[PDB]
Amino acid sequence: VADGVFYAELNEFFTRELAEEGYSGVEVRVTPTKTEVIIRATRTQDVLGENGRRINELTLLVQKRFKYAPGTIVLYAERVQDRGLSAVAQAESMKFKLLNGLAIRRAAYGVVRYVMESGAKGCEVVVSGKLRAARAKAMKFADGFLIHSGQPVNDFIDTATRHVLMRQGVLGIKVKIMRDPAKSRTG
């Protein structure tokens, strides 16, 4: 199997060589006189290119940079979701963090930092349950952490629901009214 130096150097090479092709990372396996390097990106159309144009160019430019003889390495491609934009991955990540004794606030911060550095427009983390001591056993808490989520105009929203019995079955009604701030502004 490939060593950590190889992973590191491949990562350096590709992040620069595949800047806008949404490069994620790389997997690599070693076999009898063959070495396989799987490239993972968000879009594989730019990577494979016109009939392997970008692929074969890389494959040879990789030989020159890592001194492999022709025919000893080959480049593959796989589409993967960006990890820093994956809600699923970050929730799982938060799960790991919590299960290993990291304070909620610090875990939230980690994820939020990672997601913004990954280029999101906004991120929200919320952890809920019996986070602090309370006299009522049924009392529950939520700590939320957010960057760039929502407008000031969301604080002018009231909602009601009703439950109505009809012949065809029971219907649910929900009404949302967003009040006009420019009708309650002082003076």
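A residue's number is simply how far along the shown sequence it sits, counting from 1.
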> Mean C-alpha B-factor higher for 167-175, or for 12-20?
Replying inline: 12-20
>> Tell me which stretch, 85-93 or 67-75, has the higher mean Cα B-factor listed in the entry.
In response: 67-75
> From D155, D143, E124, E50, can you pick the one with the highest C-alpha B factor in the entry?
Replying inline: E50
> Per the PDB entry, which option out of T159, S149, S118, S128 has the greatest Cα B factor?
Replying inline: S149
